[PDB]
>>> print(open('protein-v5.cif').read())   # mmCIF, C-alpha atoms; chains and numbers go by the auth columns
data_input
#
loop_
_atom_site.group_PDB
_atom_site.id
_atom_site.type_symbol
_atom_site.label_atom_id
_atom_site.label_comp_id
_atom_site.label_asym_id
_atom_site.label_seq_id
_atom_site.Cartn_x
_atom_site.Cartn_y
_atom_site.Cartn_z
_atom_site.B_iso_or_equiv
_atom_site.auth_seq_id
_atom_site.auth_asym_id
ATOM 1 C CA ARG A 1 -6.467 -6.707 11.225 0.00 481 A
ATOM 2 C CA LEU A 2 -3.877 -8.474 9.113 0.00 482 A
ATOM 3 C CA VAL A 3 -4.029 -7.618 5.422 0.00 483 A
ATOM 4 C CA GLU A 4 -5.647 -10.271 3.253 0.00 484 A
ATOM 5 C CA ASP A 5 -3.348 -10.244 0.228 0.00 485 A
ATOM 6 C CA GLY A 6 -0.258 -10.927 2.359 0.00 486 A
ATOM 7 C CA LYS A 7 1.998 -8.396 0.627 0.00 487 A
ATOM 8 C CA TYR A 8 4.264 -5.483 1.536 0.00 488 A
ATOM 9 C CA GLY A 9 2.868 -2.628 -0.529 0.00 489 A
ATOM 10 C CA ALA A 10 5.310 -2.786 -3.406 0.00 490 A
ATOM 11 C CA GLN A 11 4.060 -1.219 -6.701 0.00 491 A
ATOM 12 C CA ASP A 12 2.228 -3.477 -9.143 0.00 492 A
ATOM 13 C CA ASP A 13 3.267 -2.600 -12.694 0.00 493 A
ATOM 14 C CA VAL A 14 0.193 -4.125 -14.399 0.00 494 A
ATOM 15 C CA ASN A 15 -1.238 -0.653 -14.956 0.00 495 A
ATOM 16 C CA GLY A 16 -0.080 1.140 -11.821 0.00 496 A
ATOM 17 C CA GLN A 17 -1.579 -0.944 -9.007 0.00 497 A
ATOM 18 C CA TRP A 18 -0.482 -1.128 -5.400 0.00 498 A
ATOM 19 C CA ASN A 19 -0.873 -4.738 -4.257 0.00 499 A
ATOM 20 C CA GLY A 20 -0.102 -4.813 -0.557 0.00 500 A
ATOM 21 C CA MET A 21 -0.350 -2.558 2.468 0.00 501 A
ATOM 22 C CA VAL A 22 -0.768 0.510 0.303 0.00 502 A
ATOM 23 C CA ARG A 23 -3.868 -0.815 -1.445 0.00 503 A
ATOM 24 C CA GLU A 24 -5.599 -0.605 1.938 0.00 504 A
ATOM 25 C CA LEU A 25 -4.174 2.897 2.316 0.00 505 A
ATOM 26 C CA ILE A 26 -5.468 4.117 -1.037 0.00 506 A
ATOM 27 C CA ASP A 27 -8.982 2.700 -0.925 0.00 507 A
ATOM 28 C CA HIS A 28 -9.543 3.908 2.685 0.00 508 A
ATOM 29 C CA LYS A 29 -10.368 0.318 3.627 0.00 509 A
ATOM 30 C CA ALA A 30 -7.830 0.624 6.456 0.00 510 A
ATOM 31 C CA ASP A 31 -6.474 3.883 7.848 0.00 511 A
ATOM 32 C CA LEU A 32 -3.303 2.762 9.648 0.00 512 A
ATOM 33 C CA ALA A 33 -0.372 0.515 8.802 0.00 513 A
ATOM 34 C CA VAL A 34 1.704 -0.016 11.957 0.00 514 A
ATOM 35 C CA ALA A 35 3.475 -2.797 10.137 0.00 515 A
ATOM 36 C CA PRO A 36 6.713 -3.235 8.097 0.00 516 A
ATOM 37 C CA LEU A 37 6.535 0.177 6.407 0.00 517 A
ATOM 38 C CA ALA A 38 10.005 1.326 5.429 0.00 518 A
ATOM 39 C CA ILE A 39 9.378 4.683 3.727 0.00 519 A
ATOM 40 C CA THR A 40 9.709 4.364 -0.029 0.00 520 A
ATOM 41 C CA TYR A 41 9.765 7.485 -2.197 0.00 521 A
ATOM 42 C CA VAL A 42 7.240 6.101 -4.689 0.00 522 A
ATOM 43 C CA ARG A 43 4.954 5.263 -1.789 0.00 523 A
ATOM 44 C CA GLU A 44 5.145 8.923 -0.719 0.00 524 A
ATOM 45 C CA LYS A 45 3.425 9.849 -3.972 0.00 525 A
ATOM 46 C CA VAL A 46 0.276 7.819 -3.284 0.00 526 A
ATOM 47 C CA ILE A 47 0.198 7.464 0.501 0.00 527 A
ATOM 48 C CA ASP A 48 1.946 9.359 3.280 0.00 528 A
#
>>> encode(input="protein-v5.cif", output="structure tokens")
Amino acid sequence: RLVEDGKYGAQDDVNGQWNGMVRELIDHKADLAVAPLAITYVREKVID
């Protein structure tokens, strides 16, 4: 399944949001991301 928001994770500074891949990996709406997923240190805090 392609993600619906069409974004690469990439922290959303509105209040702390996570508009991309990692939104699917917080909300348990998708449990894998074999995708462009260069490990970012701030992503390590909220996903693994």
>>> residues_around(input="protein-v5.cif", residues="segment 504-515 of chain A", least_positions_apart="5", cutoff="10 Å", atoms="all atoms listed in the file", output="PyMOL selection string")
chain A and resi 481-484+488-489+498-499+526-528
>>> closest_residue(input="protein-v5.cif", among="A:485, A:501, A:496, A:490", to="residue 520 of chain A", atoms="only C-alpha atoms")
A:490
>>> atom_distance(input="protein-v5.cif", atom1="atom CA of residue 493 of chain A", atom2="atom CA of residue 516 of chain A")
21.1 Å
>>> axis_aligned_box(input="protein-v5.cif", around="segment 498-501 of chain A", padding_each_side="6 Å", output="JSON")
{"center_x": -0.5, "center_y": -3.0, "center_z": -1.5, "size_x": 12.8, "size_y": 15.7, "size_z": 19.9}
